[PDB]
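Encoded as structure tokens, the structure appears first; notes follow it.
The sequence lines fix the lettering, A, B, ..., with proteins before strands; numbering per chain opens at 1. The figures that follow rest on heavy atoms only: side chains count, while hydrogens, waters and symmetry mates do not.
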2 protein chains.
Amino acid sequence: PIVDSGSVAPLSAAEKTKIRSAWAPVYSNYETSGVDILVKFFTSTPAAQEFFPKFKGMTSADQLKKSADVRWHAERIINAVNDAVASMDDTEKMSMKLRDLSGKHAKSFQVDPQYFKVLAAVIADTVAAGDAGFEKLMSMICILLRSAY
Amino acid sequence: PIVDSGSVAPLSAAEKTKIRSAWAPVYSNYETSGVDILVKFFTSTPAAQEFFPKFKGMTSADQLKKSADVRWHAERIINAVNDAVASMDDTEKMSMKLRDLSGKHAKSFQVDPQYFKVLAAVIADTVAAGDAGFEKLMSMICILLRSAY
Ligand code: HEM
Ligand code: HEM
């Protein structure tokens with residue numbers, strides 16, 4: 001269950017390893033993985049489309065995927081998660097960046113804090129649906145991405 | 001000849017239109033474009049290779065191109081030049097971003113500034129060889145990338 005508030009027990013050594021195993025295949029193809037994930041989240045959540053100005057005009061899966069702006073945006077969203085997994089052994093480091101990234105969303109991108117957990121699930125489902133460990137990493141990211149609000 | 005110091009005359013309207021016409025084709029396939037340019041720079045400029053710590057172990061086009069790191073790095077570079085062509089009508093914003101990038105290069109990445117113009121040339125020969133207009137933009141960017149040095 002991915003949350004964006006409250007507390008989440010630390011990540012066991014066992015969980016971390018699994019996460020790295022599942023994420024590797026996905027990331028090795030981040031250009032595609034990021035897109036498909038972002039686009040699905042987009043299309044499946046109409047209420048959160050007004051927060052992607054550079055996407056305006058496009059609404060169908062076909063369009064989105066051919067858009068360079070949709071691609072560049074997907075690649076950054078995905079790498080932000082990669083940086084997270086590659087830093088599960090440093091909570092102080094992970095939190096600082098995500099607190100920074102939280103600031104941009106709240107202060108600059110002005111995105112609704114309620115869609116982070118939604119996109120996160122669209123990531124957990126693709127990376128390893130059902131993994132309590134991965135949903136735990138997400139809960140950590142979502143909690144951080146709301147720290148600025 | 002691209003330069004990285006002093007100054008250069010503003011880009012005329014004609015030059016801006018020429019630049020945006022030659023750029024579109026290249027940026028359209030940026031995931032591929034960037035990677036081609038980067039590898040061409042890297043492989044052809046030995047001394048500058050030590051400045052790419054994450055490519056530790058790769059020195060051939062084949063190994064490079066098939067790397068997530070090399071591409072992510074290339075995608076970010078090519079996209080910074082894109083922001084630049086996108087801001088030809090607002091040199092202020094262009095400079096703000098480029099100055100920030102300059103600081104990152106001189107502080108975190110510890111990169112020798114002599115190479116900005118060389119990588120810029122690789123981009124010039126790829127987008128529009130010989131075009132004085134584009135060369136000027138590259139000069140503008142390099143002068144800006146060295147401002148924090
Ligand atoms: C899984 C959680 C998310 C992560 C890890 C994430 C990560 C990122 C990253 C790395 C950037 C790059 C910012 C930069 O270049 O400085 C970004 C940009 C952006 N994100 Fe998120 N994001 C997430 C969820 C969301 C959600 C739910 C929305 C929509 C409500 C959203 C909307 C945006 C917007 C508007 C931009 C700016 C695009 C631009 O103007 O270039 N993000 N995000
Ligand atoms: C046209 C010239 C150049 C542009 C526009 C450019 C742009 C960029 C951008 C946008 C980043 C992303 C930083 C971030 O993620 O916040 C970056 C990182 C980096 N650049 Fe450059 N760059 C240029 C030339 C060079 C040159 C000549 C070298 C090598 C001598 C170089 C070495 C690096 C390194 C080592 C990093 C850090 C990579 C990492 O650890 O992720 N760059 N550059």
Worksheet item: Which distance, rounded to the nearest 0.5 Å, do you find between the CD1 of B:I141 and the OG of B:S102?
Response: 12.5 Å
Discussion item. I want to check something: taking the side chain as every heavy atom from C-beta on, are B:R99 and B:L144 in contact at a cut-off of under 4.5 Å?
Written reply: yes
Fill in: Minimum heavy-atom distance A:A84-A:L137, with the two atoms named
CB-CD2, 4.3 Å
Worksheet item: Is there a side-chain contact between B:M58 and B:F52, using heavy atoms and a 4.5 Å cut-off?
Response: no
Worksheet entry | Beyond-backbone contact of B:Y149 with B:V111, side-chain heavy atoms, under 4.5 angstrom | yes
Worksheet item: For the side chain of A:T126 and the backbone of A:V122, is there at least one donor-acceptor N/O pair under 3.5 Å apart?
Response: yes
Worksheet item: Should A:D89 and A:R20 count as an ion pair when the cut-off is N to O under 4.0 Å?
Response: yes
Worksheet item: Is a side-chain donor-acceptor pair under 3.5 Å present for B:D69 with B:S67?
Response: yes
Worksheet item: Can you check whether A:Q114 reaches A:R146 side chain to side chain, under 4.5 Å on heavy atoms?
Response: yes
Practice prompt. Would you give the length of the straight line joining atom CG of A:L145 to atom CG of A:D4, rounded to the nearest 0.5 angstrom?
Written response: 9.5 Å
Worksheet item: Does any N or O in the side chain of A:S87 come within less than 3.5 Å of the main-chain N or O of A:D90, such that one atom is a donor and the other an acceptor?
Response: no
Practice prompt. With rounding to the nearest 0.5 Å, note down the distance linking CD1 in B:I77 to OG in B:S33.
Written response: 13.0 Å
Discussion item. Quick check: do A:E135 and A:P1 have side-chain heavy atoms less than 4.5 Å from each other?
Written reply: yes
Worksheet, complete the sentence: dist B:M88:CE -> B:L11:CG (nearest 0.5 Å) comes out at 6.5 Å
Discussion item. Under a 3.5 Å distance rule, please check whether B:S147 uses its side chain to pair with a backbone N or O of B:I143 as donor and acceptor.
Written reply: no
Discussion item. Assess the residue pair B:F134 and B:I123 against the criterion (side-chain contact (heavy atoms from CB on, under 4.5 Å)); give the C-alpha distance rounded to whole Å, side-chain angles, the decisive distance to 0.1 Å, and a yes or no.
Written reply: CA-CA 9 Å; B:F134 198 85; B:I123 303 177; 4.0 Å; yes
Discussion item. Could you report the tightest heavy-atom contact between B:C142 and B:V3, atom names first, then the distance?
Written reply: CB-O, 3.7 Å
Worksheet item: Do A:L101 and A:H105 come within less than 4.5 Å of each other through their side chains, counting heavy atoms only?
Response: yes
Discussion item. Parallel, tilted or perpendicular: which one describes the rings of B:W72 and A:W72, with boundaries at 30° and 60°?
Written reply: tilted
Practice prompt. Could you state whether B:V81 and B:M96 fall into the same hydrophobic cluster, counting links through intermediate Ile, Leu, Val, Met, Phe, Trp or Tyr residues with side-chain heavy atoms under 4.5 angstrom apart?
Written response: no
Discussion item. The test is side-chain contact (heavy atoms from CB on, under 4.5 Å); show your working for A:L64 and A:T43 and say whether it passes.
Written reply: CA-CA 10 Å; A:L64 306 171; A:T43 68; 3.9 Å; yes
Worksheet item: Given side chains that start at C-beta, do those of A:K40 and A:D125 come closer than 4.5 Å, heavy atoms only?
Response: yes
Practice prompt. Give a yes or no on whether B:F109 and B:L38 share a hydrophobic cluster (residues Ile, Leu, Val, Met, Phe, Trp, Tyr; joining criterion: side-chain heavy atoms under 4.5 Å apart).
Written response: yes
Worksheet item: Taking all atoms of both residues into account, what is the closest heavy-atom pair of B:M138 and B:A124, and its distance?
Response: CG-CB, 4.4 Å
Worksheet entry | Nearest-0.5 Å distance that lies between atom CG in A:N82 and atom OH in A:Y27 | 4.0 Å
Worksheet item: Do B:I19 and B:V127 pass the side-chain contact (heavy atoms from CB on, under 4.5 Å) test, and can you show the C-alpha distance, the side-chain angles, and the key distance before you say yes or no?
Response: CA-CA 9 Å; B:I19 288 164; B:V127 181; over 6 Å; no
Worksheet item: B:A48 and B:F41: which non-hydrogen atoms are nearest, and at how many Å?
Response: CB-CZ, 3.8 Å
Discussion item. Please give me the minimum heavy-atom distance between A:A74 and A:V35, naming the atom from each residue.
Written reply: CB-N, 3.6 Å
Worksheet item: Thinking salt bridges, do A:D36 and A:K65 make one under a 4.0 Å N-O criterion?
Response: yes
Discussion item. Please report the interatomic distance OG(B:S60) to NZ(B:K66), rounded to the nearest 0.5 Å.
Written reply: 8.5 Å
Discussion item. Does any part of the side chain of B:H73, heavy atoms only, come nearer than 4.5 Å to the side chain of B:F42, both counted from C-beta?
Written reply: no
Discussion item. Between A:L119 and A:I37, does the side-chain contact (heavy atoms from CB on, under 4.5 Å) criterion hold? Intermediate values first, please.
Written reply: CA-CA 8 Å; A:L119 174 56; A:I37 284 181; 4.1 Å; yes
Practice prompt. Search all heavy atoms of B:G34 against all heavy atoms of B:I78 and return the closest pair with its distance.
Written response: CA-CB, 3.9 Å
Worksheet item: Are there more than 12 heavy atoms of other residues, nucleotides or ligands under 6.0 Å from atom NZ of B:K16?
Response: yes
